[PDB]
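# Examination of the molecular architecture
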Amino acid sequence: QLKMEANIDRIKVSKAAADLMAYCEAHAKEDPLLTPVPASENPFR
Amino acid sequence: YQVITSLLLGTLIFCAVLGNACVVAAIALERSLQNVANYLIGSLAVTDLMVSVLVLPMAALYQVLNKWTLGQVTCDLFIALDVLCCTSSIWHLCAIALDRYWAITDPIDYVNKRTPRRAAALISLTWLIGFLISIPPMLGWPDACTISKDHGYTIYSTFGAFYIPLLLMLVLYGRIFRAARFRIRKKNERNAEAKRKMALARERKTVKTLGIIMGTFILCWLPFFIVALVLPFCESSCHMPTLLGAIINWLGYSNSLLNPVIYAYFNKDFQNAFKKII
Amino acid sequence: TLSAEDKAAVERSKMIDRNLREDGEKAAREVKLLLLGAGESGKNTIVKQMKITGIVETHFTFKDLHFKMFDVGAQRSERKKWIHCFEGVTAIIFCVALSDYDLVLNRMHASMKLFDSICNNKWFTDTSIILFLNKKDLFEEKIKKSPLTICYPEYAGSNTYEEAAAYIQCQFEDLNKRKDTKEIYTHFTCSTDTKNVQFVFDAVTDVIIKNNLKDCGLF
Amino acid sequence: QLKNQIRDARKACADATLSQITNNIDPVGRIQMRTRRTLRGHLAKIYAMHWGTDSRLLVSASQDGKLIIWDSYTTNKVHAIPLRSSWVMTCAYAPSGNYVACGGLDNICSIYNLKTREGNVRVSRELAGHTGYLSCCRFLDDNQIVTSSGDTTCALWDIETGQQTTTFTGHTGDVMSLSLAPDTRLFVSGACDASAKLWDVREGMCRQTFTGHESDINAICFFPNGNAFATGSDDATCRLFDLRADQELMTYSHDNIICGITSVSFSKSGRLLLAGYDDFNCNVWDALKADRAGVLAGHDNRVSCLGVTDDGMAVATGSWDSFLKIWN
Amino acid sequence: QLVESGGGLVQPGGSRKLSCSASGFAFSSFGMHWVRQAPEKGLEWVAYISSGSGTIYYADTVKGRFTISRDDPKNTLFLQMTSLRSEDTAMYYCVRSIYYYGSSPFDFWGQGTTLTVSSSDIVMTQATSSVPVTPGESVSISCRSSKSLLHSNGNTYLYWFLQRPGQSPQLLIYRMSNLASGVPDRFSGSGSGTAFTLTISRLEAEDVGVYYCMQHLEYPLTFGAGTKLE
Ligand SMILES: CC(C)CCC[C@@H](C)[C@H]1CC[C@H]2[C@@H]3CC=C4C[C@@H](O)CC[C@]4(C)[C@H]3CC[C@]12C
Ligand SMILES: CC(C)CCC[C@@H](C)[C@H]1CC[C@H]2[C@@H]3CC=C4C[C@@H](O)CC[C@]4(C)[C@H]3CC[C@]12C
Ligand SMILES: CC(C)CCC[C@@H](C)[C@H]1CC[C@H]2[C@@H]3CC=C4C[C@@H](O)CC[C@]4(C)[C@H]3CC[C@]12C
Ligand SMILES: CC(C)CCC[C@@H](C)[C@H]1CC[C@H]2[C@@H]3CC=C4C[C@@H](O)CC[C@]4(C)[C@H]3CC[C@]12C
Ligand SMILES: CC(C)CCC[C@@H](C)[C@H]1CC[C@H]2[C@@H]3CC=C4C[C@@H](O)CC[C@]4(C)[C@H]3CC[C@]12C
Ligand SMILES: O=C(CCCN1CCN2c3cccc4[nH]cc(c34)C[C@@H]2C1)c1ccc(F)cc1
Ligand SMILES: CCCCCCCCCCCCCCCC(=O)O
Ligand SMILES: CCCCCCCCCCCCCCCC(=O)O
């Protein structure tokens, strides 16, 4: 199985880091846990 | 005189209140302590706390003032509360001893039938006996507050309060001792020597525990009831001083704070819970 | 809860809770026993006498007491990843064959190693162990036919059943490191049916009584 | 010899670690959560729990022989399913909510139908064929499910036929966890051999292997984007791996934390990483800053399972204490 | 399936006991309702008993005169009656119901039995009594309520039922937006506040019947006047 893993087009680590950071930043407003949603619209309050 | 004794009594009352309050809080807060034996222990702690809250301050005020200033109605209320609460506290120890006897001498009942309803029934019976012994004198029986000295009433109350539970506790703990001793007694020489030493250590531990319990109870409650039983039939010639009477009366009250110590603070589970909460 | 169809949901939840509590109150009064031992240790005999592909559960009643026995040797997997699931069992039953000298993987040494590993396990610090030594009849012929020194070169006793069995029992019982915390019950299996169940019941009763005494602060 | 070639290939792509690039990003700050709901009713240790797709219903499995579907809003119990075997180790919720699956020390996986005409939950299929204990299972569709077992192999099962159509092999140790990719085309598993392997569902063959853990891997979860995943092991460290880079980015660990991870999960955006520990406390880690942003200490025995709602409104935690807590 | 029994000729002031037998489903877990239909009028709810007999309700027209009981072991339901009045003549139907998140109450109706005797509530209004229809056309039915059915939790407790000629009512839409299992996709329902509507696309002869609306916001349950399609 080592033969198949050794012939894959690996990418730069820095580019993957930048892509992950960009994805995280884009959905920064989609996390109620990260930014506590006001109690007025929170369904559990 | 007044200041020193008042401070001593206040410190004693504070310690008695705190000891029972901490036990009650630990039983109510932690969840691993919820079991039949701990329910009885918590009931005993509640009874002791009620004693320390409703009874001891008035008794201390009477002792320091040496006279009753709250009126005869308050005297009757205080005497009724004293009798009821002290009888309940005394009978709680007997209930705990009976529960331990059932647990040790009957494992099938322990597994298949032991439920909190047993503890509830025992607690109900203790208060029933307390009410039965405390109600009579206020029902159909001036400068000082004193309990009735009727020949029949005093003997009846003492027998129902101390002697019967004392005998029951003695019998139950003798059976506990016999059962525990029977269970304990039931290059290669090193293992046998270690086994013998461990058996001896366990026997010593059992003896120490039983002696602690029995001696504490006896020294706490025995003298006062002997005094109460003797004086009515011999007060015409008794010359006991006030100091001895006060010491004997306050010895019984001291049982309210030694009971929580022995039953909770000497238990590994209770101290582990206390350490976990803090 | 204010609206309709919500109070009915609350009632359904209350009924579910009642049923769950009723079911739980019944299992709490049942003794759980863990069964261990190699495939050739003779475990099947114990189940056969009691009754007369993963975990196997056996249920039986003896003298008004309910027992549940779980067999874990059916499935071959990493023991340390699932052994903790049995934490809290009343006792552990271990099976060993006295005549287990037929093959070298040495099977007796493997059984001793397994017993040492299970007994000193962290999850079973306070759990007692019941040890069953089976195949005594076959061992009686084996000792005469073959010497016990084959498995224990340091053995110096006579080549007799009474000494060989005692030596094996002493060797097995010496593996535990926490004798002050737990006790080991050893029994030689017999053809008659009643001895095994009676011994198990006696061991369980003794364990329960000793635990109760420890809780009271006497033991 | 190919191992040296793989090492040479991977070492050349690590020009800068994700820690250096993240130095410019501002910290996430402090995150604190409180318990709004306490789900009680279980009487034994709880081992597995899974949020439903609606983000309101969840299913939890306990070793008392019962798995309960909970209404996270009103806390009402919707169904109580009596199991044939009480030794459960995992449970799952179908994406459509029509079926529920569970398994454990038994070498079979049971699937239950919730929309029966009779109104009572009934057994739909029993997926037998494994030899070791079932470890994890996750539904792909109403007719496909992937299961993990202690036999060191994973299999894909067709519920209608009732047999495993494909078998996944290659792990040396027992497989402890399994996670499906967002598109369901790929899935990853963790094993006792301390290595993580990525498997192709369509072709049924391993594409990549990851290593670095010093002990058994207990949990695994994909990053929301699907290009990376995190693992939890007994090392008391969380390691994040990127599929395209085929190399570790960083490890989250602390000197104080003994008795390492038991569960792992990600937030909706993936900024923060939630992991369950044997210290019965859940620690929230910053996926980028690699810092502990909070601690959900609300249990007494151990954190066995936890999960974040697909909506991301709240996170639920399970424990051996037999109670579930929902945090936000 | 559900089968009711106990009908026949009764005299005013007498007593009668209806019985219903259930099989093929977990009767114990389903709540039972009694609904009666007059020979030439609409539906009228009678009584309801929850699962486990923990809750019981009666209508004012029959409160104190009737009694409802369950025998779960036998999957049987009973409805005792006393002091029967002239208006008690109606066809009585047994209805199956269950209440949990996502459930569909009133999803099944029994065949019913005939009873013959000699001699602040929310009001549901249907504007149209009869509507001529032809195959292939799209038809809409309107409904209105005297009180708002939109509860604070967000649920709108509106139910739609279709009673084909000679057949018992069958659930069509529950909570104003959910189609019952087995209902063709053509049926659709929408509304808000106090006004609600039902729409049918590509109507066919199989849709002939009377459509009844119901409200489950609070007791007593009230049915609409009903709209006939032909
Ligand atoms: C006279 C009053 C007001 C002050 C004293 C009250 C309290 C503090 C006293 C009363 C009895 C005392 C305990 C009596 C017996 C023991 C057992 C010994 O092995 C450790 C100390 C310990 C536990 C003592 C500590 C203090 C103690 C609890
Ligand atoms: C008279 C003086 C001493 C005040 C004493 C008040 C006592 C009776 C009060 C104080 C705290 C109370 C307890 C506090 C907590 C609980 C837990 C609840 O689930 C059952 C009741 C129970 C156990 C309460 C019963 C009465 C209680 C023990
Ligand atoms: C899990 C459930 C079943 C355990 C229930 C334990 C019950 C029996 C315990 C818990 C608290 C106890 C009560 C606590 C305090 C009081 C006040 C006292 O003046 C009379 C006794 C009474 C009323 C106790 C009787 C038994 C009691 C009610
Ligand atoms: C009201 C207060 C002052 C009374 C307290 C007195 C206590 C400390 C006395 C009363 C009875 C005594 C015990 C009585 C019997 C034994 C058995 C012996 O083998 C070891 C000592 C031991 C265990 C004694 C230790 C102290 C003891 C517990
Ligand atoms: C070891 C502790 C916790 C319990 C025993 C304490 C007892 C023996 C001591 C503590 C202080 C003592 C009291 C102190 C002062 C007086 C005032 C005097 O005019 C009468 C006796 C009396 C009331 C004493 C009787 C016994 C007494 C109550
Ligand atoms: O008046 C008093 C009360 C004295 C202490 N009480 C006297 C009577 N006794 C009992 C009598 C019959 C049955 C019984 N059961 C249980 C008890 C008891 C305990 C209780 C104790 C007083 C006198 C001087 C002071 F300084 C403070 C109070
Ligand atoms: C002078 C009077 C003193 C009275 C002291 C009473 C102490 C009672 C303590 C009860 C603690 C109960 C804690 C419950 C907490 C919870 O579960 O929410
Ligand atoms: C002043 C003393 C009051 C005592 C009140 C005791 C309240 C006990 C509550 C639990 C009761 C449980 C049922 C017990 C039935 C029985 O065994 O009689």
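Residues numbered from 1 in each chain as written, not as in the entry; some residues may be left out. Chains lettered and ligands numbered in written order. Heavy atoms only, no water.

- As stated in the entry header, the method of structure determination is cryo-EM and the reported resolution is 3.0 Å.

## Some points on the overall build of chain C
- Looking only at helices and strands, chain C features six helices and six strands.
- The helix and strand sequence of chain C, counted from the amino end, reads α-β-α-β-β-β-α-β-α-α-β-α.
- Taken along the three principal axes of its C-alpha coordinates, chain C extends 85 × 45 × 35 Å.
- Here chain C holds 219 residues, and 50% of them are scored as buried.
- Just so you have it, chain C exposes about 11,000 Å², and 52% of that area is on carbon and sulfur atoms.
- Computed over 32 positive and 32 negative side-chain charges, the separation of the two mean positions in chain C equals 3 Å. (Helix = DSSP H or I, 4+ residues; strand = E, 2+ residues; numbered from the N terminus. Buried < 20%, exposed > 50% of the residue type's maximum accessible area, 1.4 Å probe, protein only. Areas by Shrake-Rupley, 256 points an atom, 1.4 Å probe, with all protein chains shown as cover. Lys, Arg positive; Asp, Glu negative; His and termini not counted. Charge placed at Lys NZ, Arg CZ, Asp CG, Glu CD.)

## Quick look at the interface of chain A and chain D
- Facing 29 residues of chain A, the contacting portion of chain D comprises 47 residues.
- When chain A packs against chain D, close to 3,800 Å² is buried across both sides, 67% of that on carbon and sulfur atoms.
- In terms of surface lost to chain D, no three residues of chain A exceed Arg 10, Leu 33 and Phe 44 of chain A, which account for 24% of the buried area on that side.
- Residue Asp 15 of chain D is joined to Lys 12 of chain A by a salt bridge in which the shortest nitrogen-to-oxygen separation is 2.7 Å. (Contact = heavy atoms within 4.5 Å. Buried area = accessible area lost by both parts, 1.4 Å probe. Salt bridge = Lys/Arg side-chain N within 4 Å of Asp/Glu carboxyl O.)

## What about the sheet that holds strand 26 (residues 303-308) of chain D?
Residues and elements named next belong to chain D.
- Across the sheet, four strands lie side by side as 1-28-27-26; this open sheet has antiparallel pairing. Both outer strands of the open sheet, strand 1 (37-39) and strand 26, are each paired with one neighbouring strand and no more. Strand after strand, the sheet turns through a mean of 20 degrees between neighbouring axes, direction not considered.
- Relative to strand 28 (residues 324-327), strand 27 (residues 315-319) runs antiparallel, the two sharing three bridges. Pairing of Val 315 across the sheet is with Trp 327, part of strand 28. (Pairing = 2+ DSSP bridges. Axes fitted to C-alpha atoms, helices over the stretch in contact; angles between N-to-C directions.)

## Remarks on the UniProt feature "repeat: WD" in chain D
Residue and element names in this part refer to chain D.
- Here, UniProt's "repeat: WD" annotation points to residues 34-82, 83-128, 129-169, 170-211, 212-255, 256-297 and 298-328.
- In residues 256-297, the share of helix is 0% and the share of strand is 50%. The end C-alpha atoms are 15 Å apart.
- Helix makes up 0% of residues 298-328 and strand 48%. Its end C-alpha atoms lie 13 Å apart. (UniProt positions renumbered as here; feature names shortened; annotations may be inferred.)

## Topic: the interface of chain C and chain B
- Taken residue by residue, the interface counts 18 residues in chain C and 19 residues in chain B.
- The largest share of the area that chain C buries against chain B comes from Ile 209, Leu 218 and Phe 219 of chain C, three residues that together contribute 30% of it.
- For the pair chain C and chain B, the number of links is two salt bridges.
- A salt bridge links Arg 202 of chain B to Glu 183 of chain C; its shortest N-O distance comes to 3.8 Å.
- Scanning the region where chain C abuts chain B turns up five residue pairs in polar contact.
- Element by element, the count of residues in the side of chain C that touches chain B is highest for helix 6 (residues 194-216) of chain C, at seven residues.
- Residues belonging to the side of chain C that touches chain B are distributed by class as follows: seven nonpolar, three polar and eight charged. (Polar contact = N/O pair within 3.5 Å; in protein donor to acceptor, adjacent residues only side chain to side chain. Nonpolar A, V, L, I, M, F, W, Y, C, P; charged D, E, K, R; others polar.)

## Notes on the state of the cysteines
- What the rule picks out here adds up to one disulfide over all chains.
- What pairs with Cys 75 of chain B in a disulfide is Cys 145 of chain B, and their sulfur atoms sit 2.0 Å apart. Every disulfide takes its handedness from the sign of the S-S torsion; for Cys 75 of chain B and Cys 145 of chain B that torsion is 90 degrees, giving right-handed.
- For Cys 91 of chain D, which is in no disulfide, the shortest distance to another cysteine sulfur is to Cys 305 of chain D and amounts to 7.1 Å.
- The thiol of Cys 143 of chain E is not disulfide-bonded; the next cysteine sulfur, from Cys 213 of chain E, is found 3.4 Å away. (Disulfide = S-S within 2.5 Å.)

## As for helix 4 (residues 71-105) of chain B
- Taking 1.5 Å of rise per residue, the 35 residues of helix 4 of chain B would be expected to cover 51 Å, and the 51 Å separating its terminal C-alpha atoms lies within 8% of that figure.
- Helix 4 of chain B sits mainly inside the fold: 25 of its 35 residues count as buried. (Expected span 1.5 Å × (residues − 1).)

## Let's talk about the site of ligand 1
- Near ligand 1 the following residues occur: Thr 11, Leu 12 and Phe 266 of chain B.
- Alone, ligand 1 offers 610 Å² of accessible surface; in the complex the protein occludes 32% of this. (Near = heavy atom within 4 Å.)

## So, the packing of aromatic side chains
All names here are of chain E.
- All chains considered together, the criterion is met by 49 aromatic pairs over all chains.
- Judged by centre distance (6.4 Å) and plane angle (55 degrees), the ring pair of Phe 161 and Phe 223 falls under tilted. Separated by 62 residues along the polypeptide, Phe 161 in strand 15 (residues 158-163) and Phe 223 in strand 21 (residues 222-223) bring together distant segments of the chain. For the residue pair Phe 161 and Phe 223, the accessibility class agrees, reading buried in each case. (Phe/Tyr/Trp six-rings, centres within 6.5 Å; stacked < 30°, edge-to-face > 60°.)

## Points about the pattern of salt bridges
Residue and element names in this part refer to chain D.
- Here the structure, examined in full by the defined rule, presents 44 salt bridges over all chains.
- Residues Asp 200 and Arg 207 are paired through a salt bridge, measuring 2.7 Å at the closest nitrogen-oxygen approach.
- Taking relative accessible area as the criterion, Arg 207 reaches 34% and is therefore assigned partly exposed.
- The residue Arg 302 makes a salt bridge to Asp 278 at a minimum N-O spacing of 2.7 Å.

## Things to note about the nonpolar core
- Membership of the largest hydrophobic core comes to 87 residues, with the highest contact counts inside it found for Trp 34, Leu 77, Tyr 92, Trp 109, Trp 160, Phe 161 and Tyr 211 of chain E.
- Examining the composition of this core, we find that six residues originate from one element, strand 5 (residues 43-49) of chain E, more than from any other.
- Lining this core are residues from two domains, each supplying at least three of them: domain 1 (1-117) and domain 2 (125-229) of chain E.
- Core analysis: the second largest hydrophobic core is formed by 67 residues, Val 23, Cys 75, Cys 86 and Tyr 163 of chain B among them. (Core = buried A, V, L, I, M, F, W, Y, C linked by side-chain atoms within 4.5 Å. Domains from an automatic or database assignment.)

## Considering the site of ligand 2
- Contacts to ligand 2 come from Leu 49, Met 50 and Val 53 of chain B.
- Protein chains bury 30% of the 610 Å² of accessible surface belonging to ligand 2 in isolation.

## Comments concerning the packing of helix 1 (residues 2-29) of chain B against helix 10 (residues 268-277) of chain B
All names here are of chain B.
- Across the interface, helix 1 lies against helix 10 with an axial gap of 10 Å and an inter-helix angle of 80 degrees. The pairing of helix 1 with helix 10 is recorded here as roughly perpendicular in orientation. Taking contact as the criterion, the partners of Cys 22, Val 23, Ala 26, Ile 27 and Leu 29 in helix 1 are, on helix 10, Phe 270, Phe 274 and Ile 277.
- Looking at the contact of helix 1 with helix 10, its residues break down into eight nonpolar, no polar and no charged. (Parallel < 35°, antiparallel > 145°, perpendicular 65-115°, else oblique.)

## A look at the environment of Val 208 of chain E
Residue and element names in this part refer to chain E.
- Summarising the element assignment, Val 208 is placed in the loop between strand 19 (195-200) and strand 20 (209-215).
- Residue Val 208 is classed as partly exposed on the basis of its relative accessible area of 35%.
- Sequence separation of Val 208 and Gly 226 is 18 residues, and the distance between their C-alpha atoms is 13 Å.
- Discounting chain neighbours no more than four positions away, the residues touching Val 208 are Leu 162, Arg 164, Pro 165, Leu 229 and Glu 230.

## Some remarks on the sheet that holds strand 15 (residues 186-191) of chain D
Residue and element names in this part refer to chain D.
- Pairing is antiparallel across the open sheet formed by four strands, whose spatial order is 14-15-16-17. The open sheet has two edge strands with one neighbour each: strand 14 (175-180) and strand 17 (206-210). Between one strand axis and the next, the sheet turns by 20 degrees as a mean value, whatever way the strands run.
- Bridge count for strand 14 against strand 15 is five bridges, and the pairing is antiparallel. Counted as the bridge partner of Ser 177 is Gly 190 from strand 15.

## As for the pairing of strand 19 (residues 228-233) of chain D
All names here are of chain D.
- Counting buried positions along strand 19 gives six out of six residues, so the element sits mostly inside the fold.
- Burial along strand 19 is two-sided: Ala 228, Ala 230 and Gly 232 and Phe 229, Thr 231 and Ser 233, pointing in opposite directions, are all buried.
- In the sheet, strand 18 (residues 217-222) pairs with strand 19 via five bridges, with the strands oriented antiparallel. Counterpart to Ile 217 in the pairing with strand 19 is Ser 233.

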